[PDB]
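**Q** Provided below: upload.cif, containing mmCIF, C-alpha atoms.
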```
data_model
loop_
_atom_site.label_atom_id
_atom_site.label_comp_id
_atom_site.auth_asym_id
_atom_site.auth_seq_id
_atom_site.Cartn_x
_atom_site.Cartn_y
_atom_site.Cartn_z
CA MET A 1 -13.60 -41.53 -38.77
CA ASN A 2 -14.45 -44.30 -36.23
CA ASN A 3 -13.73 -41.74 -33.52
CA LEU A 4 -16.01 -42.97 -30.71
CA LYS A 5 -14.58 -46.00 -28.92
CA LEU A 6 -15.33 -48.08 -25.79
CA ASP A 7 -12.68 -49.67 -23.55
CA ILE A 8 -14.61 -52.46 -21.76
CA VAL A 9 -12.82 -54.49 -19.01
CA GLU A 10 -14.30 -57.03 -16.50
CA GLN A 11 -11.19 -58.88 -15.28
CA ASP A 12 -11.10 -57.42 -11.67
CA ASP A 13 -14.84 -58.05 -10.95
CA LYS A 14 -16.16 -54.68 -12.26
CA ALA A 15 -17.35 -53.98 -15.85
CA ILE A 16 -15.34 -50.75 -16.25
CA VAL A 17 -15.71 -49.16 -19.71
CA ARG A 18 -13.62 -46.12 -20.59
CA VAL A 19 -15.66 -44.31 -23.23
CA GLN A 20 -13.18 -42.72 -25.73
CA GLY A 21 -14.90 -39.82 -27.56
CA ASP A 22 -17.25 -36.83 -27.13
CA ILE A 23 -21.03 -37.26 -27.56
CA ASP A 24 -23.21 -35.40 -30.08
CA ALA A 25 -25.49 -36.95 -32.78
CA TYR A 26 -22.36 -38.30 -34.63
CA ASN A 27 -21.37 -40.53 -31.70
CA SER A 28 -24.37 -40.83 -29.31
CA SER A 29 -25.87 -42.72 -32.28
CA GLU A 30 -23.13 -45.37 -31.90
CA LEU A 31 -22.13 -45.12 -28.22
CA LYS A 32 -25.80 -45.99 -27.62
CA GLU A 33 -26.10 -49.18 -29.65
CA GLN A 34 -22.66 -50.44 -28.55
CA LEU A 35 -23.41 -49.68 -24.90
CA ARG A 36 -26.73 -51.55 -25.34
CA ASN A 37 -24.55 -54.41 -26.69
CA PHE A 38 -22.15 -54.01 -23.70
CA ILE A 39 -24.97 -54.30 -21.15
CA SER A 40 -25.85 -57.74 -22.64
CA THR A 41 -22.26 -59.00 -23.23
CA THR A 42 -20.93 -57.97 -19.82
CA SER A 43 -21.39 -60.66 -17.14
CA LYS A 44 -20.57 -58.36 -14.18
CA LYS A 45 -23.67 -56.89 -12.64
CA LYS A 46 -21.51 -53.84 -11.75
CA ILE A 47 -20.99 -51.47 -14.71
CA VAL A 48 -18.79 -48.38 -14.18
CA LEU A 49 -19.17 -46.21 -17.25
CA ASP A 50 -15.92 -44.25 -17.02
CA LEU A 51 -16.50 -40.95 -18.93
CA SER A 52 -12.80 -39.88 -18.46
CA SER A 53 -12.55 -39.10 -22.25
CA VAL A 54 -16.05 -37.57 -22.78
CA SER A 55 -16.29 -33.75 -22.32
CA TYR A 56 -19.20 -32.60 -24.53
CA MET A 57 -22.57 -34.41 -24.18
CA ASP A 58 -25.64 -33.29 -26.14
CA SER A 59 -29.31 -34.18 -25.41
CA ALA A 60 -28.97 -37.30 -27.59
CA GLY A 61 -26.10 -38.32 -25.26
CA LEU A 62 -28.18 -37.65 -22.13
CA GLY A 63 -31.05 -39.82 -23.41
CA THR A 64 -28.46 -42.49 -24.30
CA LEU A 65 -27.52 -42.97 -20.60
CA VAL A 66 -31.24 -43.26 -19.87
CA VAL A 67 -31.36 -46.01 -22.60
CA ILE A 68 -28.32 -47.78 -21.05
CA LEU A 69 -30.00 -47.86 -17.58
CA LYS A 70 -33.25 -49.32 -18.87
CA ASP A 71 -31.22 -52.08 -20.64
CA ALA A 72 -29.36 -52.66 -17.30
CA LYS A 73 -32.66 -53.25 -15.53
CA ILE A 74 -33.79 -55.59 -18.36
CA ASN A 75 -30.49 -57.46 -17.74
CA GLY A 76 -31.13 -57.40 -13.95
CA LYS A 77 -27.91 -55.43 -13.30
CA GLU A 78 -26.58 -52.26 -11.72
CA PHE A 79 -25.63 -49.14 -13.74
CA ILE A 80 -23.05 -46.66 -12.41
CA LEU A 81 -20.96 -43.91 -14.07
CA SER A 82 -17.51 -42.52 -13.32
CA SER A 83 -14.92 -39.85 -14.21
CA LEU A 84 -17.19 -36.75 -14.43
CA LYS A 85 -15.68 -33.73 -16.19
CA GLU A 86 -16.98 -30.23 -15.13
CA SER A 87 -19.33 -30.40 -18.17
CA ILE A 88 -20.36 -34.08 -17.98
CA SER A 89 -20.69 -33.98 -14.16
CA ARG A 90 -23.07 -30.97 -14.38
CA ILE A 91 -24.96 -32.77 -17.20
CA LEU A 92 -25.72 -35.64 -14.81
CA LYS A 93 -26.91 -33.48 -11.92
CA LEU A 94 -28.85 -31.22 -14.41
CA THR A 95 -31.62 -33.88 -14.54
CA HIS A 96 -30.89 -35.61 -11.17
CA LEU A 97 -29.43 -38.56 -13.17
CA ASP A 98 -26.77 -38.82 -10.39
CA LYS A 99 -29.46 -40.49 -8.21
CA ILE A 100 -30.71 -42.69 -11.10
CA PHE A 101 -27.33 -44.12 -12.25
CA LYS A 102 -25.41 -43.11 -9.09
CA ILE A 103 -22.07 -41.55 -9.94
CA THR A 104 -18.45 -42.10 -8.73
CA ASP A 105 -15.28 -40.01 -8.91
CA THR A 106 -13.21 -43.20 -9.12
CA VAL A 107 -13.33 -46.99 -8.62
CA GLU A 108 -12.98 -46.21 -4.86
CA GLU A 109 -16.60 -44.90 -5.02
CA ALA A 110 -17.81 -47.53 -7.50
#
```
Turn this file's structure into structure tokens for me.

**A**
Amino acid sequence: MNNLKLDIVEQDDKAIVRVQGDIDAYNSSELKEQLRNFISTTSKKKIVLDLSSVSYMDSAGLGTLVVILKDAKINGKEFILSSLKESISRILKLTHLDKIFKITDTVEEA
């Protein structure tokens, strides 16, 4: 219960958010609406969505990142992701999302 979490930080000039959970319809449901919150709450234009705890990501999870971007552009901000597992990494390049939201290995790319 209450498995999906988000570890938002801004205090070093980058809105880094360690997602804590995997992403199917039990969690993409929630990871979405909380990340749409995050995009509004976060004052840093630079979001680094650190997926270092995600491993599985379903089609509802894919569409969620596409939601998060569109809310970024509403908010006039950047949207970047980080910490790509073999799965997750593939599932960003699988729809060319790696050019849409960039991607980074680490904060040294971000």

**Q** Distance CA of residue 63 in chain A-CA of residue 46 in chain A, one decimal place?

**A** 20.6 Å

**Q** Taking the file as shown, what set of residues would the PyMOL selection byres ((chain A and resi 55-62) around 8) give back, as number ranges by chain?

**A** A: 22-25, 28-29, 51, 53-54, 63-66, 85, 87-88, 91-92

**Q** Could you write out that same residue set with C-alpha atoms as a PDB file, keeping the file's coordinate frame?

**A**
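That gives us result.pdb:
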```
ATOM      1  CA  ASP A  22     -17.250 -36.830 -27.130  1.00  0.00           C
ATOM      2  CA  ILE A  23     -21.030 -37.260 -27.560  1.00  0.00           C
ATOM      3  CA  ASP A  24     -23.210 -35.400 -30.080  1.00  0.00           C
ATOM      4  CA  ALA A  25     -25.490 -36.950 -32.780  1.00  0.00           C
ATOM      5  CA  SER A  28     -24.370 -40.830 -29.310  1.00  0.00           C
ATOM      6  CA  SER A  29     -25.870 -42.720 -32.280  1.00  0.00           C
ATOM      7  CA  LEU A  51     -16.500 -40.950 -18.930  1.00  0.00           C
ATOM      8  CA  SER A  53     -12.550 -39.100 -22.250  1.00  0.00           C
ATOM      9  CA  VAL A  54     -16.050 -37.570 -22.780  1.00  0.00           C
ATOM     10  CA  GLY A  63     -31.050 -39.820 -23.410  1.00  0.00           C
ATOM     11  CA  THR A  64     -28.460 -42.490 -24.300  1.00  0.00           C
ATOM     12  CA  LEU A  65     -27.520 -42.970 -20.600  1.00  0.00           C
ATOM     13  CA  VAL A  66     -31.240 -43.260 -19.870  1.00  0.00           C
ATOM     14  CA  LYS A  85     -15.680 -33.730 -16.190  1.00  0.00           C
ATOM     15  CA  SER A  87     -19.330 -30.400 -18.170  1.00  0.00           C
ATOM     16  CA  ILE A  88     -20.360 -34.080 -17.980  1.00  0.00           C
ATOM     17  CA  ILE A  91     -24.960 -32.770 -17.200  1.00  0.00           C
ATOM     18  CA  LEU A  92     -25.720 -35.640 -14.810  1.00  0.00           C
TER      19      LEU A  92
END
```

**Q** So how many Å separate CA of residue 90 in chain A and CA of residue 37 in chain A, to one decimal?

**A**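 So the two atoms, CA of residue 90 in chain A and CA of residue 37 in chain A, lie 26.5 Å apart.
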
**Q** For each of A:42, A:20, A:82, A:3, take the minimum atom-to-atom distance to residue 110 in chain A, counting only C-alpha atoms, then give the residue where this is smallest.

**A**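 Using only C-alpha atoms, residue 110 in chain A sits closest to A:82.
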
**Q** Could you work out how far CA of residue 105 in chain A lies from CA of residue 44 in chain A, giving the answer in Å with one decimal?

**A** 19.8 Å

**Q** Which residue, A:39, A:16, A:103, A:81, has the smallest gap to residue 67 in chain A when you use all atoms listed in the file?

**A**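 For residue 67 in chain A, the nearest of the given residues is A:39.
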
**Q** Check which residues satisfy the PyMOL selection byres ((chain A and resi 4) around 8) in the file shown, then give them as a PyMOL selection string.

**A** chain A and resi 2-3+5-6+19-22+27+30-31

**Q** Those selected residues, please, written with C-alpha atoms and delivered as a compact mmCIF listing (two decimals), in the coordinates of the input.

**A**
```txt
# COMPACT_ATOMS: atom_id res chain seq x y z
CA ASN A 2 -14.45 -44.30 -36.23
CA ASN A 3 -13.73 -41.74 -33.52
CA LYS A 5 -14.58 -46.00 -28.92
CA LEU A 6 -15.33 -48.08 -25.79
CA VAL A 19 -15.66 -44.31 -23.23
CA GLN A 20 -13.18 -42.72 -25.73
CA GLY A 21 -14.90 -39.82 -27.56
CA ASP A 22 -17.25 -36.83 -27.13
CA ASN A 27 -21.37 -40.53 -31.70
CA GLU A 30 -23.13 -45.37 -31.90
CA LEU A 31 -22.13 -45.12 -28.22
```

**Q** Between A:78, A:33, A:7, A:50, which one has atoms that come closest to residue 101 in chain A, using only C-alpha atoms?

**A** A:78

**Q** With only C-alpha atoms as the counted atoms, please give the residues lying no more than 12 Å from residue 41 in chain A, apart from itself and same-chain residues fewer than 2 positions off, as a VMD selection string.

**A** chain A and resid 8 to 10 15 34 to 39 43 to 45 47 71 to 72 75 77

**Q** Could you work out an axis-aligned box for range 45-53 of chain A, taking every atom the file lists and adding 6 Å on each side, and report centre and edge lengths in Å to one decimal, as AutoDock Vina command-line options?

**A**
```
--center_x -18.1 --center_y -48.0 --center_z -17.0 --size_x 23.1 --size_y 29.8 --size_z 22.5
```

**Q** Between A:32, A:107, A:12, A:52, single out the one closest to residue 86 in chain A, counting only C-alpha atoms.

**A** A:52

**Q** Kindly indicate which residue among A:18, A:26, A:104, A:13 lies nearest to residue 1 in chain A, using only C-alpha atoms for the distances.

**A**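 With only C-alpha atoms as the atom set, the closest residue is A:26.
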
**Q** Pick the closest to residue 14 in chain A from A:89, A:98, A:84, A:49: which is it, counting only C-alpha atoms?

**A** A:49
